[PDB]
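Trainee: So I've got this experimental structure, pasted below with the sequence.
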Amino acid sequence: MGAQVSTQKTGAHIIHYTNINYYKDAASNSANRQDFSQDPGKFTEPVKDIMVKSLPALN
Amino acid sequence: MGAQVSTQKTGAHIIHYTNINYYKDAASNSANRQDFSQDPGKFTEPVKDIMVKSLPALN
Amino acid sequence: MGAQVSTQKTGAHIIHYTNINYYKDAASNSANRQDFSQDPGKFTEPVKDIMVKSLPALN
Amino acid sequence: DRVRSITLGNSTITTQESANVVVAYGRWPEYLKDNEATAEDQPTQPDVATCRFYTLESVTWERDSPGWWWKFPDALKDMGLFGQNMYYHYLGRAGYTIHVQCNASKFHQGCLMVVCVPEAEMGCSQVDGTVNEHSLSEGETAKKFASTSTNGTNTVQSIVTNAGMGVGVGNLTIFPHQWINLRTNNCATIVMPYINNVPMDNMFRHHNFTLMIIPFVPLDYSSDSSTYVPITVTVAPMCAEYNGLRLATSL
Amino acid sequence: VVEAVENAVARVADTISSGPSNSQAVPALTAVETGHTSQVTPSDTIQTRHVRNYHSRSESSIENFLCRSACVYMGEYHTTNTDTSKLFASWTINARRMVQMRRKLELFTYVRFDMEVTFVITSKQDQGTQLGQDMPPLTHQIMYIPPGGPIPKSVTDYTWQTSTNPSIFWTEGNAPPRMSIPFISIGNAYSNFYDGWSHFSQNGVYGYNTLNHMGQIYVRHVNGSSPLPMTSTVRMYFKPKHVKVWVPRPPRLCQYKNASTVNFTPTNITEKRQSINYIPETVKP
Amino acid sequence: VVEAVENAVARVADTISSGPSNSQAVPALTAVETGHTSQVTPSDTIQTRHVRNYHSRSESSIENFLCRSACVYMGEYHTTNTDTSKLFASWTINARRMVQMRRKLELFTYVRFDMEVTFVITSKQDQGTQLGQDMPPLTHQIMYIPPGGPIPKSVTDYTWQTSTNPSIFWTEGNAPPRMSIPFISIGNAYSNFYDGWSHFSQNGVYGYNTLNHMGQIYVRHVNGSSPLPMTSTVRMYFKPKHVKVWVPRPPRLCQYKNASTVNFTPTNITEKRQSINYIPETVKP
Amino acid sequence: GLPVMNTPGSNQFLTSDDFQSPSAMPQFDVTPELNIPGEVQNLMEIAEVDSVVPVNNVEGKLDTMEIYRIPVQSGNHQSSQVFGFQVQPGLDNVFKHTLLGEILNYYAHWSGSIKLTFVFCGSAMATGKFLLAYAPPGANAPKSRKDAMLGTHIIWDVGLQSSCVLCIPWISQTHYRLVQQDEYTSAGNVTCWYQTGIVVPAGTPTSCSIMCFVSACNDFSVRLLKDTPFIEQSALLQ
Amino acid sequence: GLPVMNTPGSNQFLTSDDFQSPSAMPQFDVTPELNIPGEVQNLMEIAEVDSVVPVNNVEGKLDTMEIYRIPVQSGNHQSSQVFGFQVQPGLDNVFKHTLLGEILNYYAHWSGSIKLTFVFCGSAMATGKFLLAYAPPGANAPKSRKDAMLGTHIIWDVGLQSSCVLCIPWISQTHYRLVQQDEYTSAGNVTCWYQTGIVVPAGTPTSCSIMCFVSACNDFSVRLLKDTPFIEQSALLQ
Amino acid sequence: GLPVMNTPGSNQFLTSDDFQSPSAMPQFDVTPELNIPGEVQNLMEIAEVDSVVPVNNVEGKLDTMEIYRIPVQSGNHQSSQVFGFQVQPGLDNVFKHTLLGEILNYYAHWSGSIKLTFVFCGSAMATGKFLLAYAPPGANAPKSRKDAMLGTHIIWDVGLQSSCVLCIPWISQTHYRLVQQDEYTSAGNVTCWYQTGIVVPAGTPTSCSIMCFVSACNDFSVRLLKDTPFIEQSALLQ
């Protein structure tokens, strides 16, 4: 009835849960604890020219 | 089971909610906070002949 | 809505129940009281060569 | 690989021992687009009169010298037609290109940190007090850190090790930065987009960012190497808009 | 069976670009003598840049504006007294004793809506010499007397049998008592204003009291008397749902005097400044 | 209608095998002068075995990190007093009076999020000579005063009518009062820091206080006075949901002084050890 | 029965919540609707209507119709400023009681542009030209027409079409502006000066009057409902 | 109505639960997002950034920039150890205040490998070779280069490319390690020795400096959120 | 909201109920499983393993290994009974401390058959035959081999294959039997007698020993969990 069945957090080495929203406002939802994304090269490698990890950093 | 899944209020720059009515009377429902309509020309321009915003208001 | 209808525990000589998980974590589920498995030969007969129950244990 | 040239407006910068170019967060300066904009009127975009290389006076790296900091803008406010549009207009937007230039011989040694800090809100010397504006920025004259804890009313607590913001001065590597290691390079370049939480923002009220130059390893030399080692800073706006024209401000 | 409802969002109009102009089109010169309000977007007077405008006029619709609860009456009643008419509260229904929701509803001449009514009932032990007792939770009855029914004369009346009048029993300590009410009117819209009389001889009572007769409300303590006096105060909250409104009017300027009439004292239009040219100088070292 | 959502799990990178090497590829030699952080996995410096790595960086995402409730204000108010301004609590809203969530939020310069606000309200009977009474359950009102509304002057004000300000009534003994709050800001992100002034003459107030004006909160006992004094303490808990964050900063080192400013006393970088070569000997009979 | 579990926020009364609730009059039969003229469907339809602006609200003229009309005369008065007032449609005494102002004062943020329409109310033979200028904030109000000339202005020629619209555009950094404006979200100030002056023949009066009508453009919006400070009581039955 | 039945854990307030909850500002219209540069999406992106490490944190140098630089000189100093410190990225005073350390101290377990990058900060004509060794735990720290030679080491030749990365791999039995490390989940210790020495021509200084930057490799992870011991107050308004 | 109605048994804590419950550590990342050897998946796998039975639990031998071994000697001892004991795998002192007995004593009913395996532990040159008999209940224990002969017996010849299995079958009327057995659900008694005797050559010892291992057959089952009477404390910290 407007549901959504997503996957639970299980470890690696009957796992689906159900969500329904009741309120008219997205500021009433749960938290988005299941988005895991990254882009460290933004802070780790913020340089104009690339550096290829097996060539001298200069030269 | 007689439901209706409408859209939430999100800003611009998982958003559907579910409604079911339980009572036998429409005076028991929620409020219609998601109808946005307008017609200002009723109060703003209540004149017999039109005025076209780039011609003199007279003449 | 993400349900699962399994069988109850009745004796031998209207039996289906319904499960839905509500939480985002598998450490919140019920217990798995309906898995019955065995392998006693692990402790009962932990020997390299087999012994066939109608031959002498030696010889 | 070490040679480089940067041509902005009617100004050029040549360099022969450059390490690389930090682009702040992988992001280049750009103009305000139509869907992220909030002001109604048409902006000025002078484009060659304002987006060029303005050179601030240079500081002398001495053997015992804690560091220096500038605040941008309010450093380029008396620089040409950037510092004039910046007067006549209410709202301004621009990114920058900071080129720091310090050269020594092969018998000298040292290591500067060159770091751009967004919103470098600073802390007064008397904990129960308030900074001045002079104590945050002298224009093109740099303010100087101190090797010990400073005193005096209204003047930032400018011991180097805390960098005047209350953090550890070695963690500043989280901000867009470079080093000038007098054994490898002699210039650092940081290309800094417009980082702020509103599309355009006034230019006299908000010090959009702070440039700190902090020698971690100090100078040194032997028998008669050159005693005088200066540092020169060049800043060049990029993609500079202004909006909301009226009579000129005054301070 | 699930049904998908479509809800359109109403943004405000973008700013189209513009350039220089030298023409006989005067979008500025007009004539207000026609009772017409000029439609001059900025792009007609100056040079504008294209601006995608995402803002919305949602929280200013009439439903979003009015559908918020507000108190419309406060009344006290005692468990024990020596008056027997202070043992229960009573009042005729109108939204007109509290200035806030009154003034809010009175930007329009005819308002037609359902309501959601809530009651906040809070008892206190009366200050005295010998306090201390074990009284159980108080429970209250709220009866609605339509226009015509018999009204109570004591807290031990027969009328509180509430055979057909609707009434609520609520035992203190729970969530407030709330219910919903249709458009209980005989006109086709509640008329906030009325320029007329009741009698055809052009006399009688003037204005609102004529039109709207919606009955009374009577609240009481069901429990019984009390060893030591206590006093309860009931506040009533109206929240109009499904709101339709007609013929807007200028907001009230002068302060309200009574709930019967629109009588007032004359007030100034607005407050003064030094001159007509006065703008304060705020850019100063 | 059921909808299946796909949730990908982000493991960390496995360890690829390696062998001897004799080449002109130097994955170790670099130049930090470029503002670039070396990417040298162990398999570049030594001989590693293939290791399937199942670990996850889930509990370190920003949503998992920040979305935990934390107290941000504690305030007391009495049922009866002789001050009439200690009968209700009041405070301007900021996350900046408690060091824990302050320091937590202040690893980033701009934080944009919704919140889930909870209140823990706990009354105690004030110590005195004549204790003993039968007071009913206390109920409390929590009003939010946006920037501009009229603020109360007593617990019997008119403002507590809360016609448009949102406010919560909660009768002690139930689950705490919780509600949810959108991104109520005028910028495009809450700016934890601000290097600037309010006035254009480059003076005024410096830093955070300039930017963020989110109004006040006022808490009171609805019941009324009390035969014998009692005092209630309200704690407010913020939990940011739907969290977005920009421009990280080094964590704070020196201790906080006040909620207005970032003023501090200078502290040491870290604590001392005996020498630079000192590692303690812990394998000893 | 079903095992439920009550979350915080249970059994509270939040003024601005919309749940369902039992009807106390079941199977009621409401009165059929009526197509009464003039139905409002938004409040920004009451704020796009012109409203005479009490500009001349000096003391001694606040309960007079004279508060509504700006005095203008003939002669060498080019050194004098006709009028001037801050742009504060919810806080400035000039605006806070218009339709725009009284509609804003129920909200806490406002964005959009404004339309100020001026009506020359003198003879049919008087002629003049006026300069009407808006100055985005950042510097003190102009004190001479050479400074007002630099703003965002219009030059209104008085003729057959009597009135002229100065549309104050939306120049701001924040997408919105408080209604209780401070000097962070300041908006500017408008000022009016003679461009050539008033010229009248013989036998017509020399002292004329202007009037100013404020309305909101078609991109105005308000948000964050609040209470209005303009109504107040001191007991029930009011 | 439906028969429900309340389970234990009802009507409690668990700090780390995520339920839905009524909006106190219904139909609010939030400010459009802005593509502000530099958005963080994980915390192991702040811990993969280099950070200068206060190795020389002897007493008398803790509020000096001298805490950051390791002294190195020319001559027959092969018997002397340059530096050495335990591997305890959340507890050792050398590490607990880096970006890696300050990010770890919000968590209780940590796994992964670490990258220590050394920067020679002397003349452009000084030349030396250094030995940088990591010793998995099990035996006291090496006290001679013949023992450090047996560890997991690297020999860094000082030349054009100034800096050199010693990547401390992950050798452990437990998949994770406490942040408040004990001698069960100990991690080892690193130590640095001259391999050939520093050689300078005439007219250059003899006393040079190294510096050490710590960062986390691309397989690092932390878990079990906790509070950080580094911030503390003694009353509200702080 | 939904009208619910709470049934009896609400807000109670029943020790043996399985409901869902909020995780106090959300999004925890557990340690990967390990294929450790020897995983138990039922308790009737610990009760199908042999266990030496303390038959000779006379007084003076209860803390001696001598409790485990049945004495057997050579000569005309046909009149003497070797051993005998009731079948009470959860209550008889002979059984209640085996693996079978200690696993039963966590349950209240038990059904199935039992396997008693006897091991002759004498010389490699001693020879004898033994009679091992089980007598379903109904009459006093047999006191002579002519009565034990009438039971359910086996005749075990001592030879190369040392041990011999007497499988006590399940003869009962009730499908189950209490573990705390009474004389309604009695089970019987086993008894052992010489069939021909022990014969040894010259130079070997005359006094040998038997031993008895109890296990459960492949149709055993226990039910109705209870507490075990064998563990007990008198304060916390034990």
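Mentor: Received, thanks. Residues are numbered from 1 along each chain as shown, chains lettered A, B, ... in the order given.

Trainee: who in chain G is up against chain B?
Mentor: Those residues of chain G that sit near chain B, judged by CB under 8 Å from any CB of the partner chain, are G:18-23, G:25-28, G:30, G:38-39, G:41-42, G:44-46, G:48-49, G:160-161, G:163. Just so you know, the C-beta spots here come from the backbone N, C-alpha and C atoms, and that holds for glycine as well.

Trainee: and chain I, which of the residues you listed contact it?
Mentor: Answer for the residues of chain G next to chain B near chain I (CB under 8 Å from any CB): residue G:19.

Trainee: among the residues of chain G next to chain B, which are in strands?
Mentor: G:39, G:163 (DSSP state E).

Trainee: List buried residues within the residues of chain G next to chain B.
Mentor: Buried by 16 or more other CB atoms under 10 Å in any protein chain shown: G:18, G:20-23, G:25, G:39, G:41-42, G:44-46, G:48-49, G:161, G:163, out of the residues of chain G next to chain B.

Trainee: and the closest residue to residue D:228 other than its chain neighbours, how many neighbours?
Mentor: Leaving out its chain neighbours, the residue that sits closest to residue D:228 by CB to CB, 6 or more residues apart in numbering or on different chains is residue D:60, at 6.5 Å. As a burial measure, residue D:60 scores 10 neighbours (other CB atoms under 10 Å in any protein chain shown).

Trainee: Contact partners for residue D:60?
Mentor: D:228-231 (CB atoms under 8 Å, 6 or more residues apart in numbering or on different chains).

Trainee: As a check, name the ranges of all helices in chain G.
Mentor: G:99-104, G:145-148 (DSSP state H).

Trainee: can you tell which of the ones you listed is closest to chain C?
Mentor: Closest of the helices of chain G to chain C is helix G:99-104, at 44.0 Å (criterion: CB to the nearest CB).

Trainee: chain center to that closest one: distance?
Mentor: Distance of helix G:99-104 from the chain centroid (CA atoms, centre = their mean, to the nearest Å) equals 6 Å.

Trainee: and if you look at stretch E:150-157?
Mentor: 29 Å.

Trainee: Now the terminal residues of that stretch, how far apart.
Mentor: 10 Å (CA to CA, to the nearest Å).

Trainee: Point to the residue nearest the middle of chain G.
Mentor: Taking CA atoms, centre = their mean, the centroid of chain G lies closest to residue G:100, which sits 4.2 Å from it.

Trainee: give the contact list for that one.
Mentor: If you count contacts by CB under 8 Å, 6+ apart, then residue G:100 has G:47, G:51, G:89, G:114, G:214-216 around it.

Trainee: again, 10 Å this time
Mentor: Applying CB atoms under 10 Å, 6 or more residues apart in numbering or on different chains to residue G:100 gives the contacts G:44, G:46-51, G:53, G:89-90, G:110, G:114-115, G:214-216, G:220, G:222.

Trainee: Buried among those? Need that as a selection in PyMOL.
Mentor: Of the contacts of residue G:100, the buried ones go into a single PyMOL selection, burial set by 16+ other CB under 10 Å:
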select buried, chain G and resi 44+46+47+48+49+50+51+53+89+90+110+114+115+214+215+216+220+222
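
Trainee: Check the contacts of residue G:100 one by one and keep those near chain F.
Mentor: Restricting the contacts of residue G:100 to those touching chain F (CB under 10 Å from any CB of the partner chain) yields residue G:90.

Trainee: if I look at residue E:267, how far off is chain F?
Mentor: Using CB to the nearest CB, to the nearest Å, we find residue E:267 at a distance of 19 Å from chain F.

Trainee: Which residue is the nearest non-sequential neighbour of that residue?
Mentor: residue E:254 (4.7 Å).

Trainee: Now name the helix or strand holding that neighbour.
Mentor: Assigned by DSSP states H and E, residue E:254 belongs to no helix or strand.

Trainee: Would you point out which residue is most central in chain A?
Mentor: Note on chain A: the residue nearest the mean C-alpha position is residue A:36, at 2.1 Å, using CA atoms, centre = their mean.

Trainee: So it sits against residue F:63, correct?
Mentor: Yes - between residue A:36 and residue F:63 there is a contact under CB atoms under 10 Å: 9.3 Å.

Trainee: which residues do these two both contact?
Mentor: The contact lists of residue A:36 and residue F:63 share H:41-42, I:27, where a contact means CB under 10 Å, 6+ apart.

Trainee: Out of these, which comes closest to residue E:154?
Mentor: Proximity of those to residue E:154 (CB to CB) peaks at residue I:27, which lies at 63.4 Å.

Trainee: about what we covered before: filter the contacts of residue D:60 to the buried ones?
Mentor: D:229, D:231.

Trainee: Dump the contacts of residue D:60 into a markdown table; add secondary structure as well.
Mentor: Formatted as a markdown table, the contacts of residue D:60 follow (DSSP: H, G, I helix; E, B strand; the rest coil):
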| residue | secondary structure |
| --- | --- |
| D:228 | coil |
| D:229 | coil |
| D:230 | strand |
| D:231 | strand |
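
Trainee: and which of the contacts of residue D:60 is nearest to residue H:83?
Mentor: Using CB to CB, residue D:229 comes nearest to residue H:83 of the contacts of residue D:60, at 28.5 Å.

Trainee: Would you enumerate the residues in contact with that closest one?
Mentor: D:60-63, D:102-105, D:108, D:110, D:182, D:219, D:221.

Trainee: rerun at 8 Å
Mentor: D:60-61, D:102-104, D:108, D:110, D:219.

Trainee: swap in residue D:31?
Mentor: Residue D:31 sits next to D:45, D:239, D:241 when contact means CB under 8 Å, 6+ apart.

Trainee: do residue E:223 as well
Mentor: Contacts of residue E:223 (CB under 8 Å, 6+ apart): E:79, E:135-136, E:138-139.

Trainee: now could you export just the CA positions of stretch E:54-71 as PDB?
Mentor: Below are the C-alpha coordinates for stretch E:54-71, written out as PDB (Å, rounded to 0.1, in the frame of the first residue of the first chain):
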ATOM      1  CA  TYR E  54      11.700  27.600  -7.700                       C
ATOM      2  CA  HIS E  55       9.800  29.300  -4.900                       C
ATOM      3  CA  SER E  56       6.300  28.200  -4.100                       C
ATOM      4  CA  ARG E  57       3.200  30.000  -2.700                       C
ATOM      5  CA  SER E  58       2.100  26.900  -0.700                       C
ATOM      6  CA  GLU E  59       2.200  28.100   2.800                       C
ATOM      7  CA  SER E  60       0.000  31.100   1.800                       C
ATOM      8  CA  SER E  61      -3.000  29.200   0.400                       C
ATOM      9  CA  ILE E  62      -6.100  29.600   2.400                       C
ATOM     10  CA  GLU E  63      -6.000  26.000   3.700                       C
ATOM     11  CA  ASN E  64      -2.400  26.300   4.900                       C
ATOM     12  CA  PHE E  65      -3.200  29.700   6.400                       C
ATOM     13  CA  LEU E  66      -6.300  28.900   8.400                       C
ATOM     14  CA  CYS E  67      -5.900  25.200   9.200                       C
ATOM     15  CA  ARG E  68      -4.100  25.800  12.500                       C
ATOM     16  CA  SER E  69      -5.700  25.400  15.900                       C
ATOM     17  CA  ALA E  70      -6.300  28.500  18.000                       C
ATOM     18  CA  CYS E  71      -8.000  29.000  21.300                       C
END
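
Trainee: near chain A, anything from it?
Mentor: No - Stretch E:54-71 does not reach chain A (CB under 8 Å from any CB); its nearest approach is 11.4 Å.

Trainee: what's the longest helix in chain E?
Mentor: Using DSSP H to define each element, chain E has its longest helix at helix E:99-105.

Trainee: need the next SSE after that one, C-terminal direction.
Mentor: Counting by DSSP H and E, the next helix or strand C-terminal to helix E:99-105 is strand E:108-125.

Trainee: what's the helix or strand just after that next one in contact with?
Mentor: Downstream of strand E:108-125, the first helix or strand assigned by DSSP H and E is strand E:139-145. By CB under 8 Å, 6+ apart, the list of residues contacting strand E:139-145 from outside reads E:119, E:121, E:151-152, E:159-160, E:162, E:165-172, E:177, E:215-223, E:232, E:234, G:24.
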